[PDB]
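**Q**
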Amino acid sequence: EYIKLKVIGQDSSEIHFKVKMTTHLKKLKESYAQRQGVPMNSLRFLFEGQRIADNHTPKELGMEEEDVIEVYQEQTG
Amino acid sequence: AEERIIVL
C-alpha cells in the first residue's frame, strides 16, 4: 500500500517518490540529496512547513497521496 | 523535464 509524494526543490523541479506508510523518510531525503549531489543534511525537508526527521514516516505525519514536501537549503549562521 | 518517480 503505497502513496506517491511530490518533492519540490528550490528551483521548482519535482521528483516523485512512491513510499509505504511505514517507510522511514530518511530514505526519501537521502535519495533526493543523492540525485542533487549534496549531503542529505545540507538540506531541510518540510511538510506543511515542519521539518521531516529521519525516522518520521508518512503515517506519523498523516501524509496522503500527492502530498507535497518542500526542500530548502539548510539555514546558516 | 520528464516525470521522475522513484520507488522506495
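From first to last, the protein sequence lines stand for chains A and B. So PDB author numbering is basically just the index in the first sequence, starting at one, shifted up by 19. So PDB author numbering is basically just the index in the second sequence, starting at one, shifted up by 6. Heads up, the beta-carbon is just placed ideally off N, CA and C, and yes, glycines get one too.
Could you check how far apart the C-beta atoms of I12(B) and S50(A) are, in whole angstroms? I think they sit under 8 Å.
**A** About 6 Å; that satisfies the 8 Å criterion.
**Q** Is the distance from the Cβ of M40(A) to the Cβ of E20(A) below 9 Å?
**A** Contact flag set, yes.
**Q** What residues in the segment 21-53 of chain A have a beta carbon less than 8 Å from any beta carbon of chain B?
**A** Within the segment 21-53 of chain A, the qualifying residues are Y21, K23, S32, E33, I34, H35, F36, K37, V38, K39, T42, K46, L47 and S50.
**Q** Buried or exposed: which applies to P58(A), given that a residue is buried once 16 or more other Cβ atoms fall within 10 Å of its Cβ?
**A** Classification of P58(A): exposed, given that the 10 Å Cβ count is below 16.
**Q** Can the beta-carbon of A72(A) be found closer than 9 Å to that of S61(A)?
**A** Not a contact, by the Cβ cut-off of 9 Å.
**Q** For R10(B), does the three-state DSSP call read helix, strand or coil?
**A** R10(B): coil per DSSP, three-state reduction.
**Q** Candidates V26(A), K25(A) and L44(A): which alpha carbon is nearest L80(A)'s?
**A** Of the candidates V26(A), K25(A) and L44(A), the one whose C-alpha sits nearest the C-alpha of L80(A) is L44(A).
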